[PDB]
Amino acid sequence: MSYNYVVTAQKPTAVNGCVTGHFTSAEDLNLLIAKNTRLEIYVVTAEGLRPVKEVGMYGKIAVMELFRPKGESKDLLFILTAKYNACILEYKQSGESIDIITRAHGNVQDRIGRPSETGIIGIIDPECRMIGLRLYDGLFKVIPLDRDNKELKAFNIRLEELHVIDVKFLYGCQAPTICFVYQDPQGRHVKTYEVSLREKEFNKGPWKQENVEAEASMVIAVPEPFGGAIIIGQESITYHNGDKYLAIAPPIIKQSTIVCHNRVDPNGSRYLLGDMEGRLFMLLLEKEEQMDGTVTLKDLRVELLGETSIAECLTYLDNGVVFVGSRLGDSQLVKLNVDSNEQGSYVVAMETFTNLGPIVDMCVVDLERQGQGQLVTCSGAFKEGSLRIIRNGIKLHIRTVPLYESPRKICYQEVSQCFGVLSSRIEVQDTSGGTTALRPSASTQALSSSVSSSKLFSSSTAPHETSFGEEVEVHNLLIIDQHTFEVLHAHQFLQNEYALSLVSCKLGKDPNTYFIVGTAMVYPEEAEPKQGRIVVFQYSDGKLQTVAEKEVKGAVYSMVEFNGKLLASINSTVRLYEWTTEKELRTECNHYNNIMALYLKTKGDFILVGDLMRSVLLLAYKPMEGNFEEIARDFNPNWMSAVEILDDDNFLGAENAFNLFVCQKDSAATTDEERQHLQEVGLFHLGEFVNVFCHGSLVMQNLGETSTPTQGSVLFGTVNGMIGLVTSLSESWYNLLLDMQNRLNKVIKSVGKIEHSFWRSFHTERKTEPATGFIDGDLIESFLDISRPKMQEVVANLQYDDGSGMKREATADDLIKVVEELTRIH
Amino acid sequence: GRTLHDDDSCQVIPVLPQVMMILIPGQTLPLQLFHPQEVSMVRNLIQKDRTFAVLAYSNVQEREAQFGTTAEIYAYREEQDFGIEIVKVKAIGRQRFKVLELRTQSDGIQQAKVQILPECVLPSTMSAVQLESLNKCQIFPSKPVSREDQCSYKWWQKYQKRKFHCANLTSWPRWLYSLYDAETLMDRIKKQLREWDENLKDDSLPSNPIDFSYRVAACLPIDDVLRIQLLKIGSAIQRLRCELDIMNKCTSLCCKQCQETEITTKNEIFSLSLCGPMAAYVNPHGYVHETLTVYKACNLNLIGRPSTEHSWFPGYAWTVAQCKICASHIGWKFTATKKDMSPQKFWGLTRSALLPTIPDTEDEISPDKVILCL
Amino acid sequence: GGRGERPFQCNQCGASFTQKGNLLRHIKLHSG
Ligand SMILES: Nc1cccc2c1C(=O)N([C@H]1CCC(=O)NC1=O)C2=O
Ligand SMILES: [Zn+2]
Ligand SMILES: [Zn+2]
């Protein structure tokens with residue numbers, strides 16, 4: 001019933017994995033990067049990185065590890081997707097035609113099985129005898145590495161330890177041995193098991209259960225000379241090997257958790273460790289020959305090299321160069337100098353690869369062309385937080401504005417030629433009583449500055465005290481220039497005040513354009529917020545002044561400009577305020593809902609409301625009555641991340657396991673019961689987590705109306721930096737394109753032989769249905785990149801209609817013209 | 001053992017005509033059967049699946065029901081009581097259902113075509129957005145299980161900070177995700193249940209949120225028509241959030257014995273002395289009364305004349321007050337002796353006689369229905 | 001009636017009664 005088209009405007013930029021090895025040829029060194037559904041292959045040169053091949057998979061890359069089996073020229077690549085599609089890929093080049101051929105594949109999902117708390121863990125034995133996968137608690141799946149195993153037939157092994165944290169395959173063992181840290185009611189422990197492929201079961205490990213630290217989170221197998229393994233926790237780093245057990249508690253690692261590692265020297269003498277706050281350390285393992293040549297670990301040392309981007313993964317390339325794979329910020333290439341610099345750091349940045357990072361909010365603005373729109377996003381988190389202005393070339397051109405603090409919400413104000421941005425910075429509790437900042441950020445380095453006057457809650461405050469060292473986030477409304485992007489003004493909110501919503505509009509008869517902010521007073525003892533405000537600000541003469549302030553009984557989660565009035569949402573209530581002649585908000589309506597009004601979107605007199613559990617609700621303001629009325633709803637429990645009104649009857653949303661869905665106002669409805677239900681009319685597994693939906697387009701709006709094939713345009717921002725676009729089609733165009741997708745799938749070569757139908761099928765841990773009411777634009781647009789006989793095969797015995805009449809045999813040149821028209825929407 | 005049907009499956013099961021009260025999955029249903037058709041029907045069920053339907057009536061007079069619960073028989077015994085031969089049976093609530101058809105047989109017993117409503121179980125709200133690097137930090141190093149240490153909000157602060165760290169990648173804060181967290185929601189209920197009445201928490205309530213949510217839905221002091229709302233909810237998260245809303249909406253107090261009489265509202269509570277609104281006072285015979293002071297109270301009858309003998313609030317005379325319906329003792333009406341006294345007339349209610357409840361709107365002038373939140 | 005002054009009193013709540021029988025009934029209600 002809904003006919004939609006979805007396409008990628010910007011591919012996912014956030015790096016979730018990186019591995020080095022010899023994938024292309026045994027001689028040259030490669031770096032493989034996993035950017036969610038994309039896989040980039042580079043060659044490591046003395047200058048930097050040389051791009052060799054980039055491929056797209058029909059699946060979110062969960063595991064990615066290289067390995068060289070016995071009797072193979074170069075390394076093979078094992079990949080596992082989020083939907084459990086396992087595959088062994090090989091790099092094959094013929095003259096100037098590069099192709100990633102699928103040596104073996106198969107789905108490794110188990111119908112019945114509770115997925116693990118620590119997610120998917122995929123490891124390979126150092127001698128390539130097997131691939132060990134930990135997908136579900138209580139079971140260890142084993143895919144034996146035999147030349148006969150092409151479908152990836154595997155068997156599960158009963159594991160008595162339910163809560164396994166991390167697991168690795170040990171080096172220098174007679175039989176394949178796994179080492180893992182797990183938790184039980186007596187705390188955390190490290191245990192080993194020998195994996196028998198003949199018996200298809202576990203055997204006694206070389207060194208049975210050993211007690212580890214309370215927060216033991218990482219396991220690292222050490223190569224042949226040393227042997228054994230390194231277990232990293234919060235306060236300590238310990239090395240275990242048979243009888244010996246050395247443990248060190250260096251104070252330099254206590255301030256933050258080590259969340260990623262990488263081997264530097266192939267013997268295991270050096271390792272790179274990265275914490276949550278961007279620090280980079282060097283873990284060194286001192287050796288001891290011991291006459292006979294057994295070689296034992298003498299000592300462990302940790303050295304702080306310096307600061308990088310918040311690293312998700314790390315990988316030592318060569319000659320002091322390390323690739324810093326980041327999710328919250330830009331990924332990098334950094335040089336590790338033997339001697340430090342004047343500041344004391346041993347790290348020096350070489351390249352900075354742009355990452356649109358977690359796009360938490362965004363907006364579309366014209367800015368300078370006065371016709372062509374540009375997209376301004378709230379990107380990254382913490383020191384990696386920034387703004388990004390994405391625009392078309394007229395390829396996408398990106399301009400970065402670093403903030404050094406977390407940006408949260410963004411809106412534009414044309415009247416004052418500037419942007420309003422809600423943002424938060426982390427400060428630490430000082431001995432003196434007050435708080436101290438970590439680094440100088442956008443809110444601390446503002447030209448004009450101000451603090452909110454405590455009136456409402458200065459008197460009405462709960463009794464409590466904050467202890468030394470505790471972190472506290474400081475919220476600010478930043479006024480940023482549209483041209484220079486300098487922080488013109490920074491307004492700090494009250495103590496314990498969390499700023500949630502932000503709008504820029506004209507209310508009532510008032511000709512001034514105000515920046516309205518919705519907040520919530522967040523105390524730790526108080527679970528659900530019972531206090532908040534709506535602050536009306538006016539930016540003029542380089543200063544921000546508080547026009548009005550309205551106290552509320554809850555958290556102002558969302559606000560929208562509603563026909564010259566302010567529509568706000570306080571917890572379960574959806575309230576309508578009117579802007580009086582005395583310049584104050586006055587309540588006109590209230591609507592008490594069965595859900596928490598988190599998501600608030602509007603179209604004319606219609607109001608779309610939604611909560612975190614995908615409870616969708618459609619209200620309507622009755623003007624003659626002067627109150628709200630519920631039109632329809634659809635409550636199916638599932639996690640919802642964003643929502644939007646496509647047209648008067650259709651509503652788009654983003655629900656659990658990276659899916660997109662469309663709800664529709666039931667037509668041909670006789671009964672009130674059926675009129676009051678929104679029918680699910682479209683489902684599609686996007687493979688990205690949407691945070692913001694935004695009406696607009698990044699292409700020339702087109703002055704003269706020349707029969708557009710697509711109607712409407714909704715852009716969207718995701719956690720991986722991917723930007724997509726959604727649009728509506730006609731029944732004829734949909735049925736054509738749908739038939740086209742199924743023809744395209746027969747001729748297109750999928751990496752890992754994963755089915756497109758299976759990939760885009762709506763999926764959750766409980767239910768998995770096929771995709772409906774959605775045309776895969778990435779698949780349709782790939783038609784222009786294919787070869788003329790494959791186009792001839794796709795258009796073979798296919799009927800194309802150009803409108804009104806002439807329903808003739810479709811040709812590749814007619815279809816090329818149609819797909820070329822679709823590529824112009826982004 | 002245990003007989004369980006498939007999710008969203010269509011089944012036809014019998015309905016015992018004597019039954020009427022709502023049965024929540026997990027809670028037990030004791031039955032006393034006298035009529036041979038009821039006994040014979042139950043004896044057949046023992047040989048078959050041992051399961052029958054318990055309809056959740058909207059109106060028991062007209063026998064109107066849209067949902068219900070399958071009841072599995074786990075105990076049968078042919079007893080004798082008061083010179084009457086009666087069979088006693090115990091059943092336990094299992095699956096929830098939506099009523100499709102209610103065909104009535106030749107006997108008083110009726111069959112019921114029903115669709116099994118599934119138990120919605122969702123993963124952690126952060127499961128999707130969690131960083132691979134931070135997956136290993138998601139696990140906690142055991143519970144503090146020291147009443148004082150977990151009642152202290154410093155542990156729940158550490159829990160929130162760790163579990164919902166990746167809320168920074170999303171458009172919402174950590175504290176919002178806690179409002180849809182099973183463990184946090186259970187703890188909030190436990191704390192408010194202890195606030196209502198002092199009791200042993202470890203023994204009385206289960207650790208599982210599915211089991212916990214049902215246990216609470218059965219024990220809440222509410223109307224069975226309101227209870228249907230909890231039966232309709234399929235997600236234990238939504239079920240717990242709804243229970244906390246119901247709990248927060250119990251702003252009135254009623255006769256614990258009959259529960260048909262709204263005595264007073266929390267708004268009428270007031271502090272006469274600096275001790276507090278509620279305080280324990282002993283009478284001249286050693287009976288201790290935890291007494292709540294309220295400005296106004298109603299649905300009470302006064303017994304005898306006022307007396308100043310051993311008054312707990314000097315300057316006032318007590319008059320014994322009892323429930324208009326069941327005559328159970330609710331407390332006393334304190335009436336001032338002098339004209340210069342501040343409240344002049346107030347009420348001292350005994351805590352043990354009262355029970356929390358949602359303010360009823362029996363008047364047909366403005367009956368605004370209770371709108372529960374998920 | 002019985003005794004106008006209400007000499008029969010309840011030790012639990014102070015409820016006075018005109019006849020002993022009424023007090024006995026009253027004290028049975030405290031048991032529940
Ligand atoms: N004189 C008697 C005799 C028997 C029982 C009671 C009293 C009496 O005064 N109270 C309460 C009534 C309420 C009060 O204010 N103070 C009391 O001690 C009793 O329960
Ligand atoms: Zn009563
Ligand atoms: Zn008494």
# chains A, B, ... in the order shown; residues from 1 in each chain; ligands from 1

call {"tool": "residues_near_ligand", "arguments": {"ligand": "ligand 2", "cutoff": "7 Å", "atoms": "only C-alpha atoms and all ligand atoms", "output": "PyMOL selection string"}}
result
chain B and resi 255-261+323-328

call {"tool": "write_last_selection", "arguments": {"atoms": "N, CA, C and O atoms", "output": "short mmCIF file (atom, residue, chain, number, x, y, z; two decimals), in the first residue's frame"}}
result
data_model
loop_
_atom_site.label_atom_id
_atom_site.label_comp_id
_atom_site.auth_asym_id
_atom_site.auth_seq_id
_atom_site.Cartn_x
_atom_site.Cartn_y
_atom_site.Cartn_z
N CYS B 255 -10.84 1.89 53.12
CA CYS B 255 -11.02 0.90 54.18
C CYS B 255 -10.32 -0.39 53.75
O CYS B 255 -10.74 -1.03 52.81
N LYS B 256 -9.23 -0.76 54.43
CA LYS B 256 -8.49 -1.97 54.09
C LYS B 256 -9.41 -3.19 54.11
O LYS B 256 -9.24 -4.08 53.28
N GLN B 257 -10.39 -3.23 55.03
CA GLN B 257 -11.29 -4.37 55.16
C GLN B 257 -12.25 -4.53 53.99
O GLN B 257 -12.22 -5.56 53.34
N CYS B 258 -13.10 -3.53 53.73
CA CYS B 258 -14.07 -3.67 52.65
C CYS B 258 -13.53 -3.18 51.31
O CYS B 258 -13.90 -3.74 50.29
N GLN B 259 -12.66 -2.16 51.31
CA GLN B 259 -12.08 -1.58 50.10
C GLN B 259 -13.15 -1.04 49.17
O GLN B 259 -12.98 -1.09 47.97
N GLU B 260 -14.27 -0.55 49.74
CA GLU B 260 -15.38 0.02 48.98
C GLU B 260 -15.62 1.46 49.36
O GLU B 260 -16.54 2.09 48.85
N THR B 261 -14.78 2.00 50.24
CA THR B 261 -15.01 3.28 50.88
C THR B 261 -13.73 4.11 50.83
O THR B 261 -12.76 3.73 51.48
N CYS B 323 -15.93 2.59 59.44
CA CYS B 323 -16.34 2.51 58.04
C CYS B 323 -17.85 2.50 57.89
O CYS B 323 -18.53 1.74 58.58
N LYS B 324 -18.38 3.34 56.97
CA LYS B 324 -19.82 3.41 56.71
C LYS B 324 -20.38 2.06 56.22
O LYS B 324 -21.51 1.74 56.54
N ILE B 325 -19.57 1.28 55.47
CA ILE B 325 -19.99 0.00 54.88
C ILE B 325 -19.81 -1.20 55.82
O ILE B 325 -20.78 -1.89 56.09
N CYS B 326 -18.57 -1.49 56.25
CA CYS B 326 -18.28 -2.68 57.06
C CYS B 326 -18.18 -2.43 58.56
O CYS B 326 -17.96 -3.40 59.28
N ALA B 327 -18.27 -1.17 59.03
CA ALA B 327 -18.18 -0.83 60.46
C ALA B 327 -16.82 -1.11 61.11
O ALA B 327 -16.73 -1.10 62.34
N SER B 328 -15.76 -1.33 60.30
CA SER B 328 -14.42 -1.58 60.83
C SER B 328 -13.87 -0.27 61.36
O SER B 328 -14.17 0.79 60.81
#

call {"tool": "residues_near_ligand", "arguments": {"ligand": "ligand 3", "cutoff": "7 Å", "atoms": "only C-alpha atoms and all ligand atoms", "output": "PyMOL selection string"}}
result
(chain B and resi 329) or (chain C and resi 10-15+26-27+30)

call {"tool": "write_last_selection", "arguments": {"atoms": "N, CA and C atoms", "output": "PDB file, in the first residue's frame"}}
result
ATOM      1  N   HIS B 329     -13.126  -0.319  62.465  1.00  0.00           N
ATOM      2  CA  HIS B 329     -12.581   0.895  63.076  1.00  0.00           C
ATOM      3  C   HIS B 329     -11.518   1.525  62.194  1.00  0.00           C
TER       4      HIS B 329
ATOM      5  N   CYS C  10     -14.358   0.000  74.860  1.00  0.00           N
ATOM      6  CA  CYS C  10     -13.404  -0.850  74.158  1.00  0.00           C
ATOM      7  C   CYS C  10     -11.986  -0.426  74.522  1.00  0.00           C
ATOM      8  N   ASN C  11     -11.151  -1.387  74.956  1.00  0.00           N
ATOM      9  CA  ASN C  11      -9.766  -1.113  75.348  1.00  0.00           C
ATOM     10  C   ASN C  11      -8.850  -0.805  74.166  1.00  0.00           C
ATOM     11  N   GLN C  12      -9.242  -1.207  72.947  1.00  0.00           N
ATOM     12  CA  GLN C  12      -8.440  -1.001  71.753  1.00  0.00           C
ATOM     13  C   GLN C  12      -8.611   0.382  71.154  1.00  0.00           C
ATOM     14  N   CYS C  13      -9.852   0.910  71.081  1.00  0.00           N
ATOM     15  CA  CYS C  13     -10.099   2.230  70.477  1.00  0.00           C
ATOM     16  C   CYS C  13     -10.892   3.234  71.347  1.00  0.00           C
ATOM     17  N   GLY C  14     -11.386   2.829  72.518  1.00  0.00           N
ATOM     18  CA  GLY C  14     -12.149   3.721  73.386  1.00  0.00           C
ATOM     19  C   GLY C  14     -13.620   3.842  73.046  1.00  0.00           C
ATOM     20  N   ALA C  15     -14.128   3.019  72.104  1.00  0.00           N
ATOM     21  CA  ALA C  15     -15.539   3.051  71.732  1.00  0.00           C
ATOM     22  C   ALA C  15     -16.414   2.673  72.921  1.00  0.00           C
ATOM     23  N   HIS C  26     -18.559  -5.154  68.927  1.00  0.00           N
ATOM     24  CA  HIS C  26     -17.540  -4.196  68.500  1.00  0.00           C
ATOM     25  C   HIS C  26     -16.143  -4.774  68.608  1.00  0.00           C
ATOM     26  N   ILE C  27     -15.818  -5.412  69.751  1.00  0.00           N
ATOM     27  CA  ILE C  27     -14.482  -5.982  69.944  1.00  0.00           C
ATOM     28  C   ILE C  27     -14.264  -7.154  68.951  1.00  0.00           C
ATOM     29  N   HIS C  30     -12.670  -5.921  65.644  1.00  0.00           N
ATOM     30  CA  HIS C  30     -11.230  -5.616  65.661  1.00  0.00           C
ATOM     31  C   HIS C  30     -10.387  -6.829  65.246  1.00  0.00           C
TER      32      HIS C  30
END

call {"tool": "interface_residues", "arguments": {"of": "chain A", "to": "chain B", "cutoff": "6 Å", "atoms": "only C-alpha atoms", "output": "MDAnalysis selection string"}}
result
chainID A and resid 118 165 214 217 259 312 358 360 594:595 691

call {"tool": "residues_around", "arguments": {"residues": "residue C:17", "least_positions_apart": "4", "cutoff": "7 Å", "atoms": "only C-alpha atoms", "output": "PyMOL selection string"}}
result
chain C and resi 6-9+22-23

call {"tool": "closest_atom_pairs", "arguments": {"of": "chain B", "to": "chain C", "cutoff": "7 Å", "atoms": "only C-alpha atoms", "output": "CSV"}}
result
residue,atom,partner,partner_atom,distance
B:285,CA,C:11,CA,6.0
B:287,CA,C:12,CA,6.0
B:303,CA,C:15,CA,6.4
B:304,CA,C:16,CA,5.9
B:320,CA,C:15,CA,5.9
B:328,CA,C:29,CA,6.2

call {"tool": "residues_near_ligand", "arguments": {"ligand": "ligand 1", "cutoff": "10 Å", "atoms": "only C-alpha atoms and all ligand atoms", "output": "PyMOL selection string"}}
result
(chain B and resi 281-289+291+306-314+316-320+331-334+347-350) or (chain C and resi 8-16)

call {"tool": "residues_around", "arguments": {"residues": "stretch 42-45 of chain B", "least_positions_apart": "3", "cutoff": "12 Å", "atoms": "only C-alpha atoms", "output": "JSON, numbers by chain"}}
result
{"B": [3, 13, 14, 15, 16, 31, 32, 33, 34, 35, 36, 37, 38, 39, 48, 49, 50, 51, 52, 53, 71, 72, 73, 74, 75, 76, 77, 78, 87, 88, 89, 90, 91, 109]}

call {"tool": "atom_distance", "arguments": {"atom1": "atom CA of residue A:601", "atom2": "atom CA of residue B:369"}}
result
26.7 Å

call {"tool": "residues_around", "arguments": {"residues": "residue B:187", "least_positions_apart": "5", "cutoff": "10 Å", "atoms": "only C-alpha atoms", "output": "list in words"}}
result
residues 150, 151, 156, 182, 192 and 193 of chain B

call {"tool": "closest_residue", "arguments": {"among": "A:269, A:337, A:458, A:811", "to": "residue A:320", "atoms": "only C-alpha atoms"}}
result
A:337
